[PDB]
Structure formats: C-alpha cells, structure tokens
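**Student:**
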Ligand SMILES: CCc1ccc(S(N)(=O)=O)cc1
Ligand SMILES: OC[C@H]1O[C@@H](O)[C@H](O)[C@@H](O)[C@@H]1O
Ligand SMILES: [Zn+2]
C-alpha cells in the first residue's frame, strides 16, 4: 500500500489514485506576492470551546486525534466557507530534520511540520458523503517552527509513547485544540484536495500565516513514532509529507490587506 518511502511514496501514488495528477491537488506553494487580499471573505470563526476529543490513533502514516462529531460542537465557519463545518480529527506532517516537514510552503520555505484540523460540511450529513462533494471538507492548516515549546501540545507529545506502532490507539479525552492555535487568524485560502490517498478534490484549504512554535524536544518525540506495526522492523515515522503540486487554474486569496 501507499506510504512515503522510495517505493510507495508520492511519486507512485498516481498509479492507484490517478487524481494525483488532477486539476486541484494539494499541497501547493503559497506565493505571498501573488496572493490577493479578498474583501469578500467574511470573518473566520473557529469555535472549539465545546470540542470533545476521544482517542488518538497511529494509522501507519501519522497519528490522528479524533473528535466526537455527532453534534455541532467544534465547528469552523466564515471566511471562504458557506455554512458550518464540523471538526472530525487533527493530525500532523513532519520531517526527519527541522528544515523540512510541512506540506504547504510559503515562498518555497518549508516549515518543520504542519498541523491539519479536518472538518466536514454538515449539509452533507456524514464525512463519507462530504468526500463526494466539491465543498465537502475544510482543512485548517497551521505551520510549526522549532523554537519555544507549545504548552498545549505537550499532552499530545506525552501520549505518543503509547501509540508507537501502526494500529495502536489510546484514550485521549478532554484535549483542547484551542491550545494549538497561534494568536492571529490571518490566512490564505484556495480550493484543493486531500494530501494523502485517496487525494479527493473536496477541500477548501485555510492556511494560517502565523506559525506556532514548538520545541525541538516536542518534534523529536514525533520522530520516534513508527510507520510499521508491532513486532516488525522499525521504520521511523518521519517525512510523512507530500511535496507541493501544480497550482494549475487556481488563485490563492488572502484574508489580510
Ligand atoms: C480521508 C482522511 C483524510 C483527511 C484529511 C487529510 S489532509 N492531509 O488533511 O489533506 C487526508 C486524508
Ligand atoms: O476580472 C478581474 C478579476 O480577475 C480574477 O481573476 C480575480 O480573482 C479578481 O479579484 C478580479 O477582480
Ligand atoms: Zn494532513
């Protein structure tokens, strides 16, 4: 199956997922000079006060922190979005070294990692139906740079020892994703896709301009996870990022003048 190695990584994905060469693939490089301020964007609303996290899972590609999405609690609205999008999970992409790891780039700059908060459009009822729609998903992307520790990330870091290998999960209740945001909600937005197979072209991307800082020790613990399952040869979970894809017939809009 697909992965990030030489033999199953991004350059191979198109053989089983031909949309990999599609017209609205993600991630992309964000050329900050070409992105245009858009006065039609409404204020962005990140409403996570009632978020209910449930579990953390090593799925062999990354780790997902999963939320109860059976009611409107943690939701994303406004900005480029029509209607209400419900938080289902977050995960990260990261590198083997601090100089790489993000999926989106900013004027070709790669960050050490990138956080994706994944939401589905409630008009479609369930995530599965949403990924059959052009406006089914909204992903809030946040860059990570290495510097001071992010206190709100530490609970995630400290559970990773218990989900080292593919298929392991652990209870992860009462985690507040508000502790992963930066101060500013300035953002860029464009229409794109999932960045892993099945690469479906359903996503409104909202990428925050301000990175969060995490400590070297925090990101080093991400890099101790394993792609492999228990009992199998150790393959460190690093460099689980897809590189930038062709922008094709798209424009990136900025929320800020
Ligand atoms: C199908 C699950 C899924 C959800 C979100 C992503 S991503 N990396 O946020 O585009 C990829 C895959
Ligand atoms: O035709 C002019 C229009 O061109 C579009 O490509 C831009 O997105 C708009 O902001 C602009 O007003
Ligand atoms: Zn992602």
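Numbering (PDB author numbering), first residue to last: 4 to 125, 127 to 261.
Beta carbons: idealized from backbone N, C-alpha and C, even for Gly.
#1: Could you check if residue 32 is buried or exposed, using at least 16 other CB atoms within 10 Å of its CB as the buried criterion?
#2: Are the Cβ atoms of residue 148 and residue 123 separated by less than 8 Å?
#3: Compute the Euclidean distance between the alpha carbons of residue 253 and residue 26, then round it to the nearest angstrom.
#4: Assuming the contact rule is C-beta atoms closer than 8 Å, residue 39 and residue 257 should be a hit. Round their C-beta distance to whole Å, please.
#5: Would you kindly work out how many angstroms separate the C-alpha atoms of residue 34 and residue 259, rounded to a whole number?
#6: Could you give the C-beta distance for residue 206 and residue 250, rounded to a whole number, given that I count them as a contact under 8 Å?
#7: Who are residue 195's beta bridge partners in DSSP?
#8: Helix, strand or coil, according to DSSP, for residue 169 in the structure here?
#9: Is residue 143 near ligand 1 - that is, is its Cβ less than 7 Å away from at least one heavy atom of it?
#10: Pick from 171, 116, 170 and 234: whose alpha carbon is nearest that of residue 244?
#11: Just to confirm before moving on: does the CB-CB distance between residue 24 and residue 17 stay below 8 Å?
#12: My guess is that residue 64 and residue 200 are in contact by the Cβ rule of under 8 Å, so how many angstroms apart are they, rounded?
#13: Within a Cβ cutoff of 8 Å, which residues of the same chain sit near residue 22, ignoring the five residues on either side of it in sequence?
#14: What is the residue span of the alpha helix (DSSP H) that residue 220 lies within?
#15: For ligand 2, I want to know if residue 39 counts as a neighbour, meaning its beta carbon is within less than 7 Å of at least one of the ligand's heavy atoms.
#16: With a threshold of 7 Å (Cβ to nearest heavy atom), would residue 78 be considered close to ligand 1?
#17: Flag this pair as yes or no: are the beta carbons of residue 53 and residue 80 separated by less than 8 Å?
#18: Give the single residue among 78, 8, 218 and 189 whose Cα lies nearest to the Cα of residue 152.
#19: Return the chain-ordered list of same chain residues with a C-beta closer than 6 Å to the C-beta of residue 135, the five sequence neighbours on each side being excluded.
#20: From residue 48 to residue 172, what distance separates their C-alpha atoms?
#21: Which ranges does the alpha helix (DSSP H) cover as unbroken runs of at least 4 residues, wholly within the segment 129 to 162, from first to last along the chain?
#22: Roughly how many whole angstroms lie between the Cα atoms of residue 161 and residue 226?
#23: Out of 144, 150 and 180, which one is the CA nearest neighbour of residue 159?
#24: Can you confirm whether the segment 231 to 243 touches the segment 96 to 104 when touching is taken to mean that 3 or more C-beta pairs between the two stretches lie within less than 8 Å?
**Tutor:** Put simply:
#1: Along the chain shown, read from residue 1 onward, the residue named residue 32 stands at position 29. When all chains shown are included, residue 32 counts as buried.
#2: Counting from 1 along the chain shown, the entry for residue 148 is found at position 144. Counting from 1 along the chain shown, the entry for residue 123 is found at position 120. Their beta carbons are not under 8 Å apart, which means residue 148 does not touch residue 123 by this criterion.
#3: To locate residue 253, count along the chain shown from 1; it is residue 249. To locate residue 26, count along the chain shown from 1; it is residue 23. Those two C-alpha atoms are separated by around 7 Å.
#4: As a position in the chain shown, residue 39 is number 36, starting the count at 1. As a position in the chain shown, residue 257 is number 253, starting the count at 1. Yes, residue 39 and residue 257 are in contact; Cβ-Cβ is about 6 Å, under 8 Å.
#5: Taking the chain shown and counting its residues from 1, one reaches residue 34 at position 31. Taking the chain shown and counting its residues from 1, one reaches residue 259 at position 255. Between residue 34 and residue 259, the C-alpha separation is close to 14 Å.
#6: Here residue 206 refers to the residue found at position 202 of the chain shown. Here residue 250 refers to the residue found at position 246 of the chain shown. Actually they do not touch by this definition, with Cβ atoms about 18 Å apart.
#7: Mapped onto the chain shown, residue 195 falls at position 191. 208.
#8: Stepping through the chain shown from its first residue, residue 169 is reached at position 165. Coil.
#9: Mapped onto the chain shown, residue 143 falls at position 139. Within the cutoff, so yes.
#10: Looking up residue 244 in the chain shown gives position 240. Nearest option by C-alpha distance: 116.
#11: As a first step, residue 24 must be located in the chain shown, where it is residue number 21. As a first step, residue 17 must be located in the chain shown, where it is residue number 14. Going by C-beta atoms, residue 24 is nearer than 8 Å to residue 17.
#12: As a first step, residue 64 must be located in the chain shown, where it is residue number 61. As a first step, residue 200 must be located in the chain shown, where it is residue number 196. Going by Cβ atoms, the distance from residue 64 to residue 200 rounds to 6 Å, so yes, they are a contact pair.
#13: Here residue 22 corresponds to residue number 19 of the chain shown, with the count starting at 1. Correct list, in chain order: 28, 197, 202, 203, 204 and 205.
#14: The sequence position of residue 220 within the chain shown is 216, counting from 1. Per DSSP, residue 220 belongs to the alpha helix (DSSP H) from 220 to 226.
#15: Taking the chain shown and counting its residues from 1, one reaches residue 39 at position 36. Answer for residue 39: yes, Cβ within range of ligand 2.
#16: Taking the chain shown and counting its residues from 1, the one referred to as residue 78 is at position 75. Flag unset: Cβ of residue 78 not near ligand 1.
#17: Here residue 53 refers to the residue found at position 50 of the chain shown. Here residue 80 refers to the residue found at position 77 of the chain shown. Cβ atoms of residue 53 and residue 80: not closer than 8 Å.
#18: Numbered from its first residue, the chain shown carries residue 152 at position 148. Checking every option, the nearest Cα to that of residue 152 belongs to 218.
#19: Here residue 135 corresponds to residue number 131 of the chain shown, with the count starting at 1. Once the five neighbours on either side are set aside, the close Cβ partners of residue 135 are 204 and 206.
#20: Taking the first residue of the chain shown as 1, we reach residue 48 at position 45. Taking the first residue of the chain shown as 1, we reach residue 172 at position 168. Those two C-alpha atoms are separated by around 33 Å.
#21: 131 to 134
#22: Taking the first residue of the chain shown as position 1, residue 161 is located at position 157. Taking the first residue of the chain shown as position 1, residue 226 is located at position 222. Using only the alpha carbons, I get a separation of about 7 Å.
#23: Start at 1 with the first residue of the chain shown, and residue 159 comes out as number 155. It is 180.
#24: yes
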